[PDB]
Amino acid sequence: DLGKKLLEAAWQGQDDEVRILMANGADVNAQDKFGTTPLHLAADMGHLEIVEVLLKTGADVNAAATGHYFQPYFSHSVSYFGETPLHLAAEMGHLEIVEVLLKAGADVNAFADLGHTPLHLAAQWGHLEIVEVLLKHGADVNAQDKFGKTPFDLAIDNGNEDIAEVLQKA
Amino acid sequence: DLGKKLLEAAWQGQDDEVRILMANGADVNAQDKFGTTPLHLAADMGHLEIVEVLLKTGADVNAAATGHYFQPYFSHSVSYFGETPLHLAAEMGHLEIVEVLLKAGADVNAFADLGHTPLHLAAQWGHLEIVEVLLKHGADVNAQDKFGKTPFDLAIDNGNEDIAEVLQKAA
């Protein structure tokens, strides 16, 4: 199955294999069991070149995985949470990928589980430079999650004072 | 707590935060609920320098866990338990990290989930250079996991003929 092989190759960062699989007709928008696409997998794992080739070959920049959580869920073990590739790039601190996704049209305020935006995720996981790029691209600083938490609140809660100060004056 | 922050910094490849947390007394051998250690996460996510500094400061190279790492999911998958950082580095194709783990005394053959080896994963996921390094360090080519699979089998099953040929010649 080419779609499964393409998901695996993007996840593994196997650039050549990605190109071959898609030339053999692998679906660029293939989904795993939970709606996760090759673009999600490459964005999360930091594979910039693969993100670029997937986008060039028609990958859906707005693809959302299926929803998962209804209560706070933040941990290192999160695999799917109603999220777009931009959520994953922001979560994992991949600046170059965040910029490429935004250039391709990603909603800077796409909502994942609990209503979390990419800015919530960047603030939660301490990625100051990504916070700044998101704000520059129109990220909603006042976005509240299901429980009323803004990215500022998450930054404060997880000890990211540098980010809290940036958000507070935005 | 500091151990949880250290796990997260390792996962994120945050070298400076790893430095700071450890200076403040973070346990290099902290575990999450599934047994996952900072060394598992740095090895899995490809953060070589963090792997190196964890090993230098006393991380257990053979820590076993049944963790939840970022991955795609498919129906009818099989699962294994008790993986070590070497399993994860071999699976994800991180050659430099495989080398550093082996030099630090990582077990190559003997695991909690019997016969499920880093060689199996490197063959399964098409990492030829890692297959060759593991063989050089005495990996058992004929090791069978709980499903009766050898690394040759997994190489064939996944279309990795180059690796399959290497394994068959080494048999």
# chains A, B, ... in the order shown; residues from 1 in each chain; ligands from 1
$ residues_around --residues "residue 126 of chain A" --least-positions-apart "6" --cutoff "8 Å" --atoms "only C-alpha atoms" --output "PyMOL selection string"
chain A and resi 155+160+163
$ write_last_selection --atoms "C-alpha atoms" --output "PDB file, in the first residue's frame"
ATOM      1  CA  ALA A 155       3.470  30.342  29.094  1.00  0.00           C
ATOM      2  CA  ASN A 160       8.178  30.425  29.993  1.00  0.00           C
ATOM      3  CA  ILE A 163       7.296  34.322  26.105  1.00  0.00           C
TER       4      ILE A 163
END
$ residues_around --residues "residue 9 of chain B" --least-positions-apart "5" --cutoff "9 Å" --atoms "only C-alpha atoms" --output "number ranges by chain"
A: 125; B: 4, 14-18, 21, 38, 42
$ residues_around --residues "segment 27-33 of chain B" --least-positions-apart "3" --cutoff "7 Å" --atoms "only C-alpha atoms" --output "count of residues only"
8
$ interface_residues --of "chain B" --to "chain A" --cutoff "12 Å" --atoms "only C-alpha atoms" --output "VMD selection string"
chain B and resid 1 to 2 4 to 14 16 to 17 32 to 34 36 to 38 40 to 42 44 to 47 66 to 77 88 to 94 122 124 to 127 158 to 160
$ closest_residue --among "A:83, A:98, A:63, A:29" --to "residue 47 of chain A" --atoms "only C-alpha atoms"
A:98
$ residues_around --residues "segment 102-108 of chain B" --least-positions-apart "6" --cutoff "7 Å" --atoms "only C-alpha atoms" --output "ChimeraX atom specification"
/B:61-62,86,117-118,139
$ write_last_selection --atoms "C-alpha atoms" --output "PDB file, in the first residue's frame"
ATOM      1  CA  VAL B  61      21.926   3.178  28.493  1.00  0.00           C
ATOM      2  CA  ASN B  62      19.744   0.049  28.725  1.00  0.00           C
ATOM      3  CA  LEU B  86      19.073   1.800  21.006  1.00  0.00           C
ATOM      4  CA  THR B 117      16.236  -6.388  18.735  1.00  0.00           C
ATOM      5  CA  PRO B 118      17.510  -3.070  17.324  1.00  0.00           C
ATOM      6  CA  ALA B 139      24.009  -8.488  16.535  1.00  0.00           C
TER       7      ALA B 139
END
$ select_by_dssp --residues "segment 62-106 of chain B" --states "alpha helix (DSSP H)" --output "PDB file with C-alpha atoms, in the first residue's frame"
ATOM      1  CA  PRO B  85      17.120   3.884  23.537  1.00  0.00           C
ATOM      2  CA  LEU B  86      19.073   1.800  21.006  1.00  0.00           C
ATOM      3  CA  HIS B  87      15.821   0.263  19.694  1.00  0.00           C
ATOM      4  CA  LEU B  88      14.499   3.768  19.146  1.00  0.00           C
ATOM      5  CA  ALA B  89      17.624   5.189  17.523  1.00  0.00           C
ATOM      6  CA  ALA B  90      17.874   2.156  15.220  1.00  0.00           C
ATOM      7  CA  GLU B  91      14.188   2.411  14.332  1.00  0.00           C
ATOM      8  CA  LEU B  95      23.315   6.446  12.969  1.00  0.00           C
ATOM      9  CA  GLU B  96      25.493   8.778  15.033  1.00  0.00           C
ATOM     10  CA  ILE B  97      23.284   8.135  18.040  1.00  0.00           C
ATOM     11  CA  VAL B  98      23.406   4.348  17.486  1.00  0.00           C
ATOM     12  CA  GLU B  99      27.212   4.582  17.526  1.00  0.00           C
ATOM     13  CA  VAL B 100      27.302   6.630  20.734  1.00  0.00           C
ATOM     14  CA  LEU B 101      24.866   4.274  22.471  1.00  0.00           C
ATOM     15  CA  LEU B 102      26.907   1.224  21.449  1.00  0.00           C
ATOM     16  CA  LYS B 103      30.113   2.862  22.675  1.00  0.00           C
TER      17      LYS B 103
END
$ residues_around --residues "residue 161 of chain A" --least-positions-apart "2" --cutoff "12 Å" --atoms "only C-alpha atoms" --output "ChimeraX atom specification"
/A:123-128,151-159,163-168
$ write_last_selection --atoms "N, CA, C and O atoms" --output "PDB file, in the first residue's frame"
ATOM      1  N   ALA A 123       3.734  28.630  22.867  1.00  0.00           N
ATOM      2  CA  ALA A 123       3.916  29.233  24.189  1.00  0.00           C
ATOM      3  C   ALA A 123       4.070  28.157  25.249  1.00  0.00           C
ATOM      4  O   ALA A 123       4.870  28.292  26.169  1.00  0.00           O
ATOM      5  N   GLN A 124       3.306  27.079  25.108  1.00  0.00           N
ATOM      6  CA  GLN A 124       3.368  25.963  26.039  1.00  0.00           C
ATOM      7  C   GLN A 124       4.754  25.326  26.045  1.00  0.00           C
ATOM      8  O   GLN A 124       5.290  24.989  27.100  1.00  0.00           O
ATOM      9  N   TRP A 125       5.335  25.159  24.861  1.00  0.00           N
ATOM     10  CA  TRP A 125       6.586  24.404  24.745  1.00  0.00           C
ATOM     11  C   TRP A 125       7.842  25.275  24.593  1.00  0.00           C
ATOM     12  O   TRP A 125       8.920  24.798  24.236  1.00  0.00           O
ATOM     13  N   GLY A 126       7.693  26.564  24.871  1.00  0.00           N
ATOM     14  CA  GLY A 126       8.833  27.446  25.032  1.00  0.00           C
ATOM     15  C   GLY A 126       9.550  27.860  23.763  1.00  0.00           C
ATOM     16  O   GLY A 126      10.762  28.050  23.773  1.00  0.00           O
ATOM     17  N   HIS A 127       8.813  28.023  22.668  1.00  0.00           N
ATOM     18  CA  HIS A 127       9.461  28.377  21.412  1.00  0.00           C
ATOM     19  C   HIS A 127       9.273  29.848  21.107  1.00  0.00           C
ATOM     20  O   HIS A 127       8.351  30.227  20.397  1.00  0.00           O
ATOM     21  N   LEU A 128      10.161  30.671  21.660  1.00  0.00           N
ATOM     22  CA  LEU A 128      10.012  32.121  21.572  1.00  0.00           C
ATOM     23  C   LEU A 128      10.014  32.637  20.141  1.00  0.00           C
ATOM     24  O   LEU A 128       9.157  33.447  19.752  1.00  0.00           O
ATOM     25  N   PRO A 151      -2.681  31.804  25.369  1.00  0.00           N
ATOM     26  CA  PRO A 151      -1.270  31.402  25.258  1.00  0.00           C
ATOM     27  C   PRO A 151      -0.413  31.988  26.376  1.00  0.00           C
ATOM     28  O   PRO A 151       0.490  31.306  26.872  1.00  0.00           O
ATOM     29  N   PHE A 152      -0.715  33.219  26.781  1.00  0.00           N
ATOM     30  CA  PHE A 152      -0.060  33.828  27.942  1.00  0.00           C
ATOM     31  C   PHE A 152      -0.165  32.946  29.188  1.00  0.00           C
ATOM     32  O   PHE A 152       0.824  32.732  29.894  1.00  0.00           O
ATOM     33  N   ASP A 153      -1.368  32.462  29.480  1.00  0.00           N
ATOM     34  CA  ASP A 153      -1.575  31.621  30.651  1.00  0.00           C
ATOM     35  C   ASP A 153      -0.708  30.372  30.578  1.00  0.00           C
ATOM     36  O   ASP A 153      -0.104  29.969  31.570  1.00  0.00           O
ATOM     37  N   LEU A 154      -0.655  29.754  29.402  1.00  0.00           N
ATOM     38  CA  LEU A 154       0.118  28.527  29.247  1.00  0.00           C
ATOM     39  C   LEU A 154       1.608  28.822  29.443  1.00  0.00           C
ATOM     40  O   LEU A 154       2.332  28.038  30.065  1.00  0.00           O
ATOM     41  N   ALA A 155       2.062  29.963  28.933  1.00  0.00           N
ATOM     42  CA  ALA A 155       3.470  30.342  29.094  1.00  0.00           C
ATOM     43  C   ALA A 155       3.821  30.519  30.570  1.00  0.00           C
ATOM     44  O   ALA A 155       4.824  29.981  31.047  1.00  0.00           O
ATOM     45  N   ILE A 156       2.999  31.285  31.281  1.00  0.00           N
ATOM     46  CA  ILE A 156       3.151  31.435  32.731  1.00  0.00           C
ATOM     47  C   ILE A 156       3.156  30.082  33.444  1.00  0.00           C
ATOM     48  O   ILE A 156       4.046  29.803  34.257  1.00  0.00           O
ATOM     49  N   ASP A 157       2.160  29.246  33.144  1.00  0.00           N
ATOM     50  CA  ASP A 157       2.023  27.952  33.822  1.00  0.00           C
ATOM     51  C   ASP A 157       3.247  27.041  33.634  1.00  0.00           C
ATOM     52  O   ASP A 157       3.619  26.292  34.545  1.00  0.00           O
ATOM     53  N   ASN A 158       3.874  27.100  32.461  1.00  0.00           N
ATOM     54  CA  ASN A 158       5.015  26.221  32.174  1.00  0.00           C
ATOM     55  C   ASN A 158       6.376  26.912  32.306  1.00  0.00           C
ATOM     56  O   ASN A 158       7.385  26.427  31.795  1.00  0.00           O
ATOM     57  N   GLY A 159       6.398  28.049  32.993  1.00  0.00           N
ATOM     58  CA  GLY A 159       7.647  28.700  33.338  1.00  0.00           C
ATOM     59  C   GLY A 159       8.337  29.430  32.201  1.00  0.00           C
ATOM     60  O   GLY A 159       9.525  29.743  32.289  1.00  0.00           O
ATOM     61  N   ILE A 163       8.461  34.321  26.978  1.00  0.00           N
ATOM     62  CA  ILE A 163       7.296  34.322  26.105  1.00  0.00           C
ATOM     63  C   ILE A 163       6.119  35.071  26.736  1.00  0.00           C
ATOM     64  O   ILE A 163       5.412  35.806  26.043  1.00  0.00           O
ATOM     65  N   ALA A 164       5.913  34.900  28.042  1.00  0.00           N
ATOM     66  CA  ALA A 164       4.817  35.589  28.718  1.00  0.00           C
ATOM     67  C   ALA A 164       4.964  37.105  28.557  1.00  0.00           C
ATOM     68  O   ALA A 164       3.990  37.802  28.280  1.00  0.00           O
ATOM     69  N   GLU A 165       6.184  37.610  28.715  1.00  0.00           N
ATOM     70  CA  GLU A 165       6.416  39.054  28.552  1.00  0.00           C
ATOM     71  C   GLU A 165       6.143  39.547  27.133  1.00  0.00           C
ATOM     72  O   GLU A 165       5.572  40.625  26.950  1.00  0.00           O
ATOM     73  N   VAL A 166       6.536  38.762  26.131  1.00  0.00           N
ATOM     74  CA  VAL A 166       6.237  39.111  24.742  1.00  0.00           C
ATOM     75  C   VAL A 166       4.728  39.140  24.501  1.00  0.00           C
ATOM     76  O   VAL A 166       4.199  40.089  23.920  1.00  0.00           O
ATOM     77  N   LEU A 167       4.029  38.107  24.961  1.00  0.00           N
ATOM     78  CA  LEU A 167       2.583  38.030  24.755  1.00  0.00           C
ATOM     79  C   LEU A 167       1.819  39.105  25.514  1.00  0.00           C
ATOM     80  O   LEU A 167       0.798  39.602  25.048  1.00  0.00           O
ATOM     81  N   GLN A 168       2.316  39.460  26.693  1.00  0.00           N
ATOM     82  CA  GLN A 168       1.598  40.387  27.560  1.00  0.00           C
ATOM     83  C   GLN A 168       1.510  41.763  26.915  1.00  0.00           C
ATOM     84  O   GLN A 168       0.495  42.442  27.040  1.00  0.00           O
TER      85      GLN A 168
END
$ atom_distance --atom1 "atom CA of residue 116 of chain B" --atom2 "atom CA of residue 167 of chain B"
15.9 Å
$ closest_residue --among "A:89, A:120, A:73, A:55" --to "residue 148 of chain A" --atoms "only C-alpha atoms"
A:120
$ residues_around --residues "residue 26 of chain A" --least-positions-apart "5" --cutoff "10 Å" --atoms "only C-alpha atoms" --output "ChimeraX atom specification"
/A:1-7,18-21
$ closest_residue --among "A:119, A:22, A:88, A:134" --to "residue 54 of chain A" --atoms "only C-alpha atoms"
A:22
$ residues_around --residues "residue 99 of chain A" --least-positions-apart "3" --cutoff "12 Å" --atoms "only C-alpha atoms" --output "list in words"
residues 43, 48, 51, 52, 85, 86, 89, 90, 93, 94, 95, 96, 102, 103, 104, 105, 106, 107, 108, 129, 130, 131, 132, 133, 134, 136 and 137 of chain A
